[PDB]
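Visitor:
Protein chains in written order, with the deposited numbering: chain V, 33 to 48, 52 to 80; chain B, 570 to 683; chain q, 61 to 93; chain r, 61 to 93; chain C, 2 to 116, 147 to 192, 203 to 773, 815 to 879.
(1) Rounding to the nearest angstrom, what Cα-Cα distance links residue 178 of chain C and residue 158 of chain C in this structure?
(2) For the beta strand (DSSP E) containing residue 620 of chain C, name the first residue and the last one.
(3) Could you tell me which residues DSSP puts in a beta bridge with residue 234 of chain C?
(4) Quick check on the DSSP output: what are the complete beta strand (DSSP E) runs of length 3 or more inside the region 618-685 of chain C, in order along the chain?
(5) Leaving aside the five residues before and after residue 625 of chain B along the sequence, list all residues of the same chain whose C-beta is less than 8 Å from its C-beta, in chain order.
(6) Going by DSSP in three states, residue 533 of chain C sits in which element: helix, strand or coil?
(7) How is residue 433 of chain C classed by DSSP in three states: helix, strand or coil?
(8) Within 8 Å (strictly less), CB to CB, does residue 71 of chain q reach chain B?
(9) If you check the beta carbons only, do residue 853 of chain C and residue 598 of chain B fall under 8 Å apart?
(10) Are the C-beta of residue 647 of chain B and some C-beta of chain q separated by less than 8 Å?
(11) Check residue 479 of chain C in the structure and name its three-state DSSP category.
(12) Determine the direct distance from the alpha carbon of residue 704 of chain C to that of residue 680 of chain C, and round the result to whole angstroms.
(13) Under 9 Å, CB to CB, which of the residues in the region 847-877 of chain C have a partner in chain B?
(14) For residue 413 of chain C, which of helix, strand or coil comes out of DSSP?
(15) Counting only beta-carbon separations shorter than 8 Å, does residue 626 of chain B have a partner in chain q?
(16) CB-CB under 7 Å to residue 775 of chain C, same chain, minus the five flanking residues each way: which ones, in chain order?
(17) From C/309, C/438, C/349 and C/610, pick the residue whose C-alpha is nearest to that of residue 544 of chain C; which is it?
(18) Nearest by alpha-carbon distance to residue 477 of chain C: which of C/24, C/444, C/433 and C/716 is it?
(19) In the DSSP assignment, find the alpha helix (DSSP H) that holds residue 473 of chain C and state where it starts and stops.
(20) By how many angstroms is the C-alpha of residue 438 of chain C removed from the C-alpha of residue 27 of chain C?
(21) Since residue 235 of chain C contacts residue 244 of chain C with CB under 8 Å, what's their CB separation in whole angstroms?
(22) Anything in the region 59-74 of chain C with a Cβ closer than 7 Å to a Cβ of chain V? List those residues in chain order, please.
(23) Kindly list, in the order they appear in chain V, the residues whose Cβ is closer than 7 Å to that of residue 91 of chain C.
(24) Are the CB atoms of residue 539 of chain C and residue 618 of chain C within a distance shorter than 8 Å?
(25) My parser needs the alpha helix (DSSP H) runs of 4 or more residues fully inside the region 619-653 of chain B; what are they?
(26) Do residue 79 of chain C and residue 44 of chain V come within 8 Å of each other at the CB atom, strictly closer than that value?
(27) Distance cutoff 8 Å, beta carbons only. Does residue 86 of chain q sit that close to anything in chain r?
(28) When you compare only the Cα positions, how much space is there between residue 83 of chain C and residue 267 of chain C?
(29) For residue 40 of chain C, which of V/62, V/68, V/73 and V/78 has the nearest alpha-carbon?
(30) At 7 Å on the CB atoms, spell out the chain B contacts of residue 61 of chain r, in chain order.
(31) What are the residues that DSSP puts in a beta bridge with residue 574 of chain C?
(32) Can you tell me where the alpha helix (DSSP H) with residue 674 of chain B in it begins and where it stops?
(33) Which residues mark the beginning and the end of the alpha helix (DSSP H) in which residue 101 of chain C is found?
(34) Which residues bound the alpha helix (DSSP H) around residue 334 of chain C?
(35) Can you tell me the Cα-Cα spacing of residue 474 of chain C and residue 287 of chain C, whole angstroms?
(36) Which residues in chain q sit within 9 Å of residue 604 of chain B, going by Cβ to Cβ distance?
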């Protein structure tokens with residue numbers, strides 16, 4: 033799980052929504068290019 | 570690239586009614602059937618079923634106004650190292666050669682009949 | 061020849077999904093009884 | 061566009077079938093708990 | 002699971018406040034074909050880190066975490082770091098995510114307010160937790176764990192737990218050398234002191250004030266290696282824990298072997314020390330030879346401990362370190378040696394798992410662990426795991442080099458665990474000693490031969506003990522007749538049982554009928570008969586088949602969730618079949634797979650019974666040839682209706698018999714002939730099943746309902762004909819009310835239903851073209867006498 037380590041990474045990111056569904060995609064080992072396209076699309080909504 | 574003329578004229582003859590036939594009424598299964606029949610009929614039967622796999626088709630565009638012979642086309646797949654050699658631009662070049670050859674050969678059958 | 065191939069893929073996807081639905085329904089019914 | 065129609069039908073059917081199978085899998089996992 | 006996108010990505014679209022656009026559904030689809038069991042993140046990670054720090058407004062925490070996250074050495078921190086850097090690149094994407102998140106954050110906030148390091152403690156918590164973890168993994172087993180007395184006797188290794206006010210400079214150097222030698226032996230200094238390790242440490246020195254500033258500076262180099270050696274002894278003890286692992290014990294013992302070299306050098310210097318012929322600069326010269334090596338050795342130990350490296354964690358850390366220990370060529374080779382040795386601690390089990398086909402998992406170091414999976418309950422269960430969970434894969438536990446072949450190794454280990462579950466557990470004759478070596482392709486090289494041998498052995502064992510050839514030459518009689526006498530007895534005997542409703546059927550009478558029909562034919566050459574039986578379902582084949590076809594389509598609760606108890610127990614559709622094959626002996630047919638193989642019997646035998654009823658009606662209709670059928674208004678419209686319905690039913694059967702049947706059956710035969718692995722045979726059978734049901738056309742709820750309506754119309758017409766025959770031959815109530823030559827109207831309704839079914843076939847041949855639909859249209863349009871009219875009604879859209 034490492035929910036605490038995911039929050040540690042988020043605080044490391046130091047931004048302004053755990054976002055660990057993406058860490059689940061990392062567990063599935065999704066690709067960075069599709070990840071970037073998905074991030075841009077989810078940002079647009 | 571419009572090779573064996575037996576199969577080339579087989580395609581032109583089998584698509585003349587299809588070209589005359591409505592674009593929406595294109596019998597897609599009839600296309601593959603005509604391809605297989607031409608392969609087995611003409612000396613293209615010497616061509617392997619691997620060539621039949623490289624044999625591909627694809628819709629051209631949304632343009633029902635153009636003629637049937639002007640709209641008929643056939644594709645040519647490239648696999649792995651063949652994919653890396655026959656580039657997408659190269660694939661388009663081969664497809665355009667096939668398209669010009671179709672505009673030539675359907676018209677050629679039409680003119681040989683004319 | 062390769063433009064009509066997507067139909068077979070759709071057919072296999074739909075058949076697999078229908079079989080999965082039938083088996084999943086038999087499993088959920090087993091969980092319900 | 062016949063290939064396009066078959067492909068679009070395959071995409072919609074696959075999306076719906078995947079949604080149905082995912083709902084069945086999630087409901088069977090939850091019922092397994 | 003396989004649909005984990007529904008849990009993550011679909012909720013990413015919904016919860017992320019992104020409902021417009023594609024949301025994270027298309028993102029789920031993008032990551033689905035991009036999600037690998039392994040990691041292929043080769044990238045200039047230094048470049049990505051530089052980009053992140055460059056865009057880091059507060060780069061202190063960014064760089065700190067860039068180091069801290071590696072402290073745990075977690076899973077694929079590089080992808081997250083790259084994501085955190087590349088997302089900072091697109092302020093529009095960042096601002097849009099801020100819109101997607103901050104508004105929901107405000108909503109949640111509003112909804113909320115309405116209503147020191149002790150080595151002893153750090154290691155004791157670790158030891159107790161690891162004992163509990165090893166007990167959990169044991170799941171009812173003991174442990175060769177370290178003893179409580181091993182934890183006791185504090186400083187069990189004898190761990191490191203003089204007036205020099207006006208000493209001459211030479212005497213000061215000598216006394217400092219004595220103190221430092223005692224420290225190197227883990228002993229107290231002469232004029233100075235050394236506080237113990239502040240948890241993860243060696244000895245926190247406390248230099249003597251009388252130690253010269255130059256003397257203190259020279260000693261400063263020594264103190265690093267001293268603390269390194271003390272912490273190294275502590276780490277060796279830590280790896281000596283059985284909780285650390287037997288492989289950790291092997292690593293610690295190899296370290297102890299080199300530690301002898303440390304004490305050896307201590308004594309080598311002690312030779313001159315007792316001789317009194319050493320010097321501070323001479324000592325520094327000798328220390329430089331291995332003072333760095335001391336810290337180098339403690340490095341890998343701290344890497345394992347800080348990552349709590351269990352399983353292939355320390356293995357991957359070690360292999361990466363060996364790939365980076367270059368420059369320090371000595372460490373580049375020493376770590377390789379440790380790798381090669383300690384591989385065998387797991388590689389023996391790996392060889393055991395790979396070679397022996399039996400993975401030893403006292404610690405479950407091999408990723409393949411023989412997960413509990415009762416193979417017997419696979420056949421009778423609609424959902425089974427034994428075929429896939431007789432050996433689970435611990436993807437988290439894998440070595441650096443092992444991770445490459447692991448997937449191929451996963452397949453090979455699955456085959457080997459299959460051989461073990463086959464009773465004939467065996468070692469693969471390829472027992473290339475699993476051990477660590479620089480050749481990585483060599484690790485998979487002999488692995489290729491081993492996997493090939495495993496697959497070949499599986500194929501041979503299937504052709505032997507499984508012997509699926511007879512299991513199919515006999516199943517041909519099952520659900521497909523393939524011989525008139527195969528199902529002739531079943532049709533001839535089940536008549537009374539089916540006449541008895543499903544509530545009225547007698548199971549004992551059915552059993553007797555089955556046994557007698559089993560002995561009633563000469564086709565008993567098939568020996569697998571005992572593996573097969575009959576059965577029944579508390580719902581019609583339609584009752585569940587159409588419910589699945591309308592999979593929450595139009596009758597989610599109207600008919601699919603409507604219990605068959607709403608209707609009555611009817612003998613015919615409720616009937617079913619039974620068959621089974623053991624776990625090792627082909628538990629292939631799980632109740633989902635077994636149901637798929639079974640229901641073809643139901644559909645085929647339904648059509649068979651309808652044709653039998655039609656043939657019985659026609660045979661009883663043998664007297665009408667002795668006169669003119671014109672005077673048979675209630676018995677001659679039957680002739681026209683039979684002509685109109687033979688094309689609907691009897692002719693409908695021929696398309697299944699030849700076009701549908703030959704393709705799937707021959708595909709199964711040829712694909713099984715080309716099948717070499719279990720997956721290949723599964724593909725051949727899956728073709729025989731899916732493609733056969735596809736040509737059966739039993740998965741389109743609208744078209745299947747139309748065909749069922751036509752078949753039911755035919756069945757009702759046969760029933761009305763039989764009723765009119767019973768009410769007329771006995772005439773020589816309800817049966818006479820079925821038809822009074824109104825069976826002419828029933829035949830007209832059958833013709834209309836046939837027109838609708840031909841329209842459905844035309845719809846299949848138009849919206850799907852196909853060859854089977856074109857054949858359905860071709861079989862309908864046999865002649866225009868009943869097809870030119872159908873063609874006009876087809877134009878009647």
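Think of the CB as a built atom: it goes at the ideal place given N, C-alpha and C, for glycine as much as any other residue.
Guide: With the structure as the only source:
(1) 11 Å
(2) 616-620
(3) C/247
(4) none
(5) 643, 644, 645 and 646
(6) helix
(7) strand
(8) no
(9) yes
(10) no
(11) coil
(12) 34 Å
(13) 851, 852, 853 and 856
(14) coil
(15) yes
(16) Here chain C is numbered 773 followed immediately by 815, so the structure offers no position for residue 775 of chain C.
(17) C/610
(18) C/444
(19) Careful: residue 473 of chain C lies outside any alpha helix (DSSP H) and carries neither H nor E.
(20) 32 Å
(21) 4 Å
(22) 59, 62, 63, 66, 70 and 73
(23) 75
(24) no
(25) 637-640
(26) no
(27) no
(28) 39 Å
(29) V/62
(30) 628 and 631
(31) C/619
(32) 657-682
(33) 92-115
(34) 321-347
(35) 19 Å
(36) 61
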